[PDB]
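Coming up is one lone chain in structure tokens, specifically the form deposited in one PDB entry.
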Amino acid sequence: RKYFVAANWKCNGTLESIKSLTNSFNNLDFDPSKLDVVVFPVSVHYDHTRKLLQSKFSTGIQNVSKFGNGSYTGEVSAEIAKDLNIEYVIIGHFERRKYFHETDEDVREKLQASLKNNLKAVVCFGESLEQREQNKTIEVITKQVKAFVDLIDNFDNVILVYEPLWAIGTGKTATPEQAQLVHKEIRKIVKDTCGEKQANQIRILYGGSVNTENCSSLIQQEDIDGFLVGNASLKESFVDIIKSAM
């Protein structure tokens, strides 16, 4: 199983700051055949980011439309992304669920669109603090995964992300034990719906306050296959988070 370190830049960056950050990223020597390292810039920053990044870095966009080509103002379809050779897409991110009415149904329609246009999908899910405190974590996770999991045909092409909503941008990282326990359950859901071989090859990443100090102990866990990094991926020390997966 190949590790997967993703940089979700979110709504951040200038042409110059990206030039500077992309320069520090390029200095890191890593084998792209052994490790996947993906950068997700803002849509309008993509060409600039792709030009500057060495080919060892994979690239993608932070959102993809549930609709194909047509009368949908403001949307980036899956077929448009494929034409531009954009390899990866993020689907079901907490912030889009929270601020932009993105539901479990939107998630699967985005996945189905991405898969039939041969795009690789990074699919996000996680429970809130209330759901955690009500002991509903697995119930919520199972519900969120089952929404889309049947669509997966190639299990190298779909990458799952457990992002506990209370851990995102708060500094309250889930302990490598807490993350591992949910990751192990996620892999069990994939096993019982898709098969053991399909479960053993799918990457399940952790998202939620990954930094340079906690990344090593997180990646060491048997069912954690990498990270979706937010704030720390905006920093030059993001190379050290990639180093933890080497």
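Only residues modelled in both forms are compared. Rigid core: the largest C-alpha set superposing within 1.5 Å between the two forms. Counting begins at 1, following the sequence as shown.
With 146-154 and 168-176 compared on mean CA B-factor from the PDB entry, the stretch scoring higher is 168-176.
The question of which stretch, 130-138 or 73-81, has the higher mean Cα B factor is settled in favour of 130-138.
The maximum CA B-factor among the listed residues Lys66, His45, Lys51, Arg187, taken from the PDB record, is found at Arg187.
When the Cα B-factors of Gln62, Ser33, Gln201, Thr59 are read from the PDB record, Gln201 comes out highest. In the PDB entry, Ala7 places in the lowest third of its chain by CA B-factor. In the PDB entry, a CA B factor belonging to the lowest third of its chain's modelled residues is recorded for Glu95.
Among the modelled residues of the chain, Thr22 sits in the highest third by CA temperature factor in this PDB entry. Split the chain's modelled residues into thirds by C-alpha temperature factor. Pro41 is in the lowest one.
Placement of the Cα temperature factor of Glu163 within the chain: highest third of the modelled residues, per the deposited record.
Below, we turn to the form deposited in another entry, even though it does not appear here.
The one residue among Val145, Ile168, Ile152, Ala81 whose Cα position changes by 2 Å or more between this form and the one not shown, with the core held fixed by superposition, is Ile168. Shown here is a form in which the CA atoms of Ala6 and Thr173 lie at least 3 Å closer together than they do in that other deposited form.
Cα-Cα spacing of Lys172 to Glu133 is reduced in that other deposited form versus the present form (difference of at least 3 Å). Shifted segments between this form and the one not shown, defined as at least 3 consecutive common residues whose CA atoms all move 2 Å or more after rigid-core fitting, occur once only, at 166-173.
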